[PDB]
Structure formats: C-alpha cells, structure tokens
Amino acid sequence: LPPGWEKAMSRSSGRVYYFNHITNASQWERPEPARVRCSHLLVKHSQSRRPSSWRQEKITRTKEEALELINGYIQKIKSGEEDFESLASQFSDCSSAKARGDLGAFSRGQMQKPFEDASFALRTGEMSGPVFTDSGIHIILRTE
C-alpha cells in the first residue's frame, strides 16, 4: 500500500484493518506532494518544550493525560459529533487555534520532523492519529 501502511488484526473484533506508522492513522478499508496545507490541534503537557499556551499559563497535565485528551478528540471528530475546526478553536494549545488550527501551506525542511513526516504522508482530507513532537501531541488534518 501507500507509504507507511501495514495490515493488522483488530484486537477486539479480529477483523483486518490498516495502520500507518508515520501518521498513526488507522482505518478499516485498504489504502509525495511538494507542498501541503495542514491544520492541527495541539495538546501540550508538562514535558512540552514550552509548557504554556493561550489556554493556560502553566500547563501541568501529564503526557498520559494529554494523550487521553487527544484520543477523545479523535473519537469525537471521527464520529461526526464535533468538527476538527471546532475542537481546534476551543482546545488547541497553539496560537493557530484562532485560525481553526490552520497552519497554512509549506514544503519540507521547515519544521519538527515527526510533524513534517505525518503531514506529507497524509492524503488530502485525511487526519492523523496522535503525533508526538517536542511541542506536545498533535492531531494533523491535511487540507490541501
């Protein structure tokens, strides 16, 4: 399949699914651009390189607590209960929250590598799983 995909077996149901080890995306169905546009939702934690945001002057949550928050947001976005944009605007620990998480367009070479690799491995309209950087934990949405 496309870059980074492996076949796996559901631990609960036993049904085949597909997992991407670059984006941390997972899906039931069987699955590089010079520039991409992405949005993100960042949840910071106490070990983030800058443990502060517009939401909270001192970010004290643990990495484990941050991951739980990220996992919950992913659930709500995938279920359609919430839009990615809505959750980014409300809960992202990044100044880009004011722009619905939009970071604009970019080529490779500009940023932290796990974020870059995930961004360039996503298809248009596809969303990542939890992506870990020195900043915290990200959900990334490729928009263009």
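Numbers follow the displayed sequence, beginning with 1.
- Counting the deposited residues that fall between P31 and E32 and carry no coordinates gives a value of 10 or more.
- Mean CA temperature factor is higher for 110 to 118 when stretches 110 to 118 and 73 to 81 are set side by side in the entry.
- Of the two stretches examined, 14 to 22 and 128 to 136, the record assigns the greater average C-alpha temperature factor to 14 to 22.
- Between the residues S39, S86, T60, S92, it is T60 that shows the highest Cα B-factor in the PDB record.
- Residue-level temperature factors show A105 in the highest third of its chain, judged at the C-alpha atom.
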